[PDB]
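Just the one chain here, the form deposited in one PDB entry, laid out as structure tokens.
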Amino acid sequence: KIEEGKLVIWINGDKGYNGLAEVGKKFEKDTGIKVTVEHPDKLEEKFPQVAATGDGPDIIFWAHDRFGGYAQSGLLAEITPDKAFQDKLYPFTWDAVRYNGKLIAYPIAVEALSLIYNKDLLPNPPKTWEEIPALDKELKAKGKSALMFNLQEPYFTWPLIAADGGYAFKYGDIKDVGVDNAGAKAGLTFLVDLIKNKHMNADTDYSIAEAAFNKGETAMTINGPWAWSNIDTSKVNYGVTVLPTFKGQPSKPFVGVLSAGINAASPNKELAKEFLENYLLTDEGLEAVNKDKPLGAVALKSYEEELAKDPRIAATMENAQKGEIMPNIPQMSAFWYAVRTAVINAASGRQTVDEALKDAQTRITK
């Protein structure tokens, strides 16, 4: 099974594995235990297969929403950090790695959508969703649009739909879904109205929105940290800020948490703990990883306060703190497929907002 006396770690290829390897080397210096960092393809798919037979790595890094399923099959070991260590991280990041009342992973980085705008076209971004329609008619007079973002993916339109009370799964309860309530209804109705009023095209997708924003054709867009390097090149003077409110309520974008779990079949659980707590989860630890590839906003308060000197990161955290922690249950798959269809049918007039959400709700709680 899993080798004893060493630590093998799995992390995705789009992360700072080289930097993580650095922290691993430091661990090896003052312990004698070697740390091997690997980044296989479809690791989020392989882990379940190899762990089920008592194999795989000691530690696995992935978005939190996936750990719920791994825990369900008893693949993840329950972690037990003391109160002292727990206070080192933002409170809400812990609700991301909680399953059935147990901590199943260590929070690392936080990710959420923000509002991105062209400072030259819009020196003062809108703080409200209701003022956007008016803003657009003013920008149209100059041949510009006010807002453009991916309307095809629920992930991108959810922030609006949930602002006034909508939600996926109430902290765990798989039978408590909020996609067809008055809140979600209001938000989606506002979105459809923006489309039927020619303020937005129902076919606008990720690429169309990206190219348009980066070419200065639109004043605003909605995206995550993964899109900043692409905008830095376009030579557009942009800023990142908090998302607009709807009916006075903050937009609720889904929150993604990069987390580190420990294989239940690992004989090196104590070493993994020592590594994650006293080596990786430190200012020097996250710095080594960040230097290789930026993590965005981090769950470690001490280091986050330093990275927040970058307003883009500060905003990302602000939007995540007002966002909804993505449910870590497997039923989340029905949600994506259900809401996706509801938004498409509602936008195309094929179905009414009330009907679309009603059918979505039924499919999720089915």
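Note that residue numbering follows the sequence shown and begins at 1.
Same protein, other form: the form deposited in another entry, not shown, and the subject of what follows.
Hinge residue among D164, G256, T128, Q152, where one rigid part swings against the other between this form and the one not shown: Among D164, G256, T128, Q152, only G256 lies at a hinge between this form and the one not shown.
Relative to what we see here, could you say if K247 and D95 have their Cα atoms closer or farther apart in that other deposited form, with a change of 3 Å or more? Relative to the displayed form, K247 and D95 move farther apart in that other deposited form - a change of at least 3 Å between their C-alphas.
Distance change of 3 Å or more between the C-alpha atoms of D95 and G166 in that other deposited form: closer or farther compared with this structure? Farther: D95 and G166 separate by 3 Å or more in that other deposited form.
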